[PDB]
């Protein structure tokens, strides 16, 4: 009957133009509207935004468009003592302030097989890439950048898919930037450097050169944007965890507080 909120991004962080505000609770929220009413988001410059629930425990807030760089955001989660439905009360308040850094948008175009990185509108890198093969294609859409890893084992059994099964995989990779909670990454692939710019070889990750993956790891930050276009895949789900922007604003703004 007590629930604790946690807010991301953290206090003092600088994040990319795609970063939503996230308020995650440790129990299911029976009255979503009660939660929304208790969360006050201040923006400077002021912009409209709206809430949308990813699941029963997490609500997201963002504007219609990507954030303007340099925007200052204050989040006041005033849930201490608040009835969140079915006699579940908020355990504490949270107050976070964060800021929007430079606009970093990287676009991966399957017709060119180049990942182009623009910073405040200017091309800074043009990276040949190898994306998902036709049987395991990379979904088109807007992905928010998440965590980064110097080295990681990408193992399909993390997601309940046995390695030696049709959708399975296991690969050790360096310089990995996470772009979906479902396990899509930008990463180093020295083994596919010939194919990059020519042929799709991955199970859905964007394979780039080691130096380009390290560059990406070093210079792209949480909340920056990767857009995938022109692939033979479908579309990144809006409720992936990093796929928020795939939900159209009209649907997002209407919300799902009654669902």
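Numbering follows the first chain given and starts at 1. Only the largest set of C-alpha atoms that superpose within 1.5 Å between the two forms is called the rigid core.
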More variable segment, 178-186 or 150-158 [Cα RMS over structures in 8 other deposited structures of this protein, core-superposed]: 150-158
Mean Cα B-factor check, 138-146 vs 153-161, entry values; winner is 153-161
As the entry reports it, the stretch among 86-94 and 169-177 with higher mean C-alpha B factor is 86-94
Residue with highest C-alpha B-factor in the PDB entry, from 182, 111, 129, 116: 182
Using the entry's values, work out which of 206, 54, 228, 50 has the largest Cα B factor. 54
Which third of the chain does residue 220 land in by C-alpha B-factor: lowest, middle or highest? highest
Would the CA B-factor of residue 257 place it in the lowest, middle or highest third of its chain? lowest
Give the position of residue 233 by CA B-factor within its chain, expressed as the lowest, middle or highest third. highest
Of the three thirds of its chain by CA temperature factor, lowest, middle or highest, which one includes residue 198? highest
Can you tell me whether residue 70 has a C-alpha B-factor in the lowest, middle or highest third compared with the other modelled residues of the same chain? middle
